[PDB]
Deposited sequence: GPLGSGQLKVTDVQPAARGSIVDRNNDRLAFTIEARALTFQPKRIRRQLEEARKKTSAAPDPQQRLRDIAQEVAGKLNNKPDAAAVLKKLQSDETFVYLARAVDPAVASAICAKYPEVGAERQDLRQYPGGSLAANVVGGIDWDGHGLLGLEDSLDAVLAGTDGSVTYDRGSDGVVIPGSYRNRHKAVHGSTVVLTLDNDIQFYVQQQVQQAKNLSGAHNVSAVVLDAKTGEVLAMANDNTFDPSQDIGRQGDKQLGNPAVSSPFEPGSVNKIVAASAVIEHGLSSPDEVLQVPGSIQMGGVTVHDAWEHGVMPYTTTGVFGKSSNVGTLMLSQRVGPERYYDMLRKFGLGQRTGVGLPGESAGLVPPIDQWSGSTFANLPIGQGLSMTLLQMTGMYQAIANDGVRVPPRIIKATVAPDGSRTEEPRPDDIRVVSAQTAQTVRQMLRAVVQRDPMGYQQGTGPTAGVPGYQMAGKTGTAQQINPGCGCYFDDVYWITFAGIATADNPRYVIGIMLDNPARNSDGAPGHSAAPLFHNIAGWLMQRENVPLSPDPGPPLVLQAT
């Protein structure tokens, strides 16, 4: 009497299957969900329940689309539609593996990474370490990561947030990349004392060098030209404090204190990435705006759905958001090339030279944010969130890559330090080679 609907599949942008159903027998008919890639993109895809409905992930949140509606006899069965993701399984597989060995090598508690298409903001890869296997019973996997931290778990960004100050000061014509500044080792601002991460007297850092060397003091001096109102407006245009609408369950909105509630010291903290929180996806989406010539396109992971007849409907594209002009975006991209620039004499070296890939205009920004100690409500001394966000490449943006490491003891490649730059190096370099992308003078970070 009951006419069962057949569950739809979940496939990547090229129709490579991530989840699909086969008929079997036991209540005799029994549909078996198949995950041919095992843990591959399981943070996104999710898993199935005993009744063949979604248990978590997209299997759950899109269950109505995937499950259809059982018929009867007449009411015809509406079979489940197929969900086409923006993911590229080849990119996802490489990124997910690289994230696992970044976690193992660095000693971090966890690692995650997001790759966006520069122009469209589509999610090409989204991965975390320790990803569970939905072909196995969830109850045996308490030691696994079952969720999707890239969207669910916000963090204080620290210096990766400096993209906002850089964009604001250029967009309003308050500085230029080659302006020679005078940057002291510390300043008193908003009642508090801000110090750079290295001891130094007044240094002739250029604006480029302020972001290339990650001078907090230089960032706040330039932010003082912008002012609180224009700065807060730029934060909002970059999408912070708001869910992206990416189409994934459990997305956090992050947290940004609205300006009418700022303390006297908020403005001394936000421009260097303290006092607010964002997800990895939000962080990566910020750099997508700059990659796409100033136009932020909210990321999406659902590309299309295919009805049981086989007719395909593309997902509606989100509306453009103009953050800065194309000219500003191009200037900020070029400036952030300084971060990955190497200099044997030290003087013109950025914070992340291992992120550079020779032959390509890689551009990005490092972050090292002190974590809050839950036992005191106060900052740890030696526990960090490490971030990197970059663009491949500055002259031809194709890929935007965001990475976060939860308190690594070492570099992402296992060398001493605390940097995610090597993981960006590996991923961005591999993306260039696999598409056979073809290969000026050194940027000045420090004047006389």
From the N-terminus onward, what segments of the deposited sequence lack any C-alpha atom in this model? 1 to 11, 38 to 119, 167 to 183, 550 to 553
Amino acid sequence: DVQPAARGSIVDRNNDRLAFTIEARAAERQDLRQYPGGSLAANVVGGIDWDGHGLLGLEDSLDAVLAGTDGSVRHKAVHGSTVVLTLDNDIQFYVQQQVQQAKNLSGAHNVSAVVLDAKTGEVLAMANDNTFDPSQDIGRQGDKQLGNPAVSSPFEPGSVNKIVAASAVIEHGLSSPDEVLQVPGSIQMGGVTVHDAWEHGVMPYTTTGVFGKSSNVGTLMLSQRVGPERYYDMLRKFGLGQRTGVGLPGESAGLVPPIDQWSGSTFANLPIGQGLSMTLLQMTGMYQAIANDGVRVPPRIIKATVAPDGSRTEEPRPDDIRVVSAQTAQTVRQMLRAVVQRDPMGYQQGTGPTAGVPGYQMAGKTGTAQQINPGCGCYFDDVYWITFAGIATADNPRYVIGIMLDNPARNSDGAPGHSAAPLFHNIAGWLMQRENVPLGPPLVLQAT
From here on, numbers count along this sequence of modelled residues.
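The term rigid core refers to the most C-alpha atoms you can superpose between the two forms while keeping them within 1.5 Å.
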Divergent stretch in 5 other deposited structures of this protein, 334 to 342 or 369 to 377 [C-alpha RMS, superposed by the core]: 369 to 377
Is the larger C-alpha RMS shift in 5 other deposited structures of this protein, relative to this form with the rigid core superposed, found in 29 to 37 or in 378 to 386? 378 to 386
Between 376 to 384 and 52 to 60, the record assigns the higher mean Cα B factor to 376 to 384
Read off the CA B-factors in the entry, average them over 337 to 345 and over 113 to 121, and name the higher stretch. 337 to 345
Of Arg296, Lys365, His79, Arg243, which one's C-alpha B factor is largest in the deposited record? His79
By the entry's C-alpha temperature factors, tell me which of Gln98, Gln145, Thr284, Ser311 sits highest. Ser311
Going by the CA temperature factor in the PDB record, which third of the chain does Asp88 belong to: lowest, middle or highest? middle
Here the Cα B-factor of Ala67, set against its chain, lands in the third termed highest
Lowest, middle or highest third: where is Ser214 by C-alpha B factor in its chain? lowest
Chain-relative C-alpha B factor for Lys103 (record values, thirds): the lowest
In terms of its chain's C-alpha B-factors, the third that includes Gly273 is the lowest
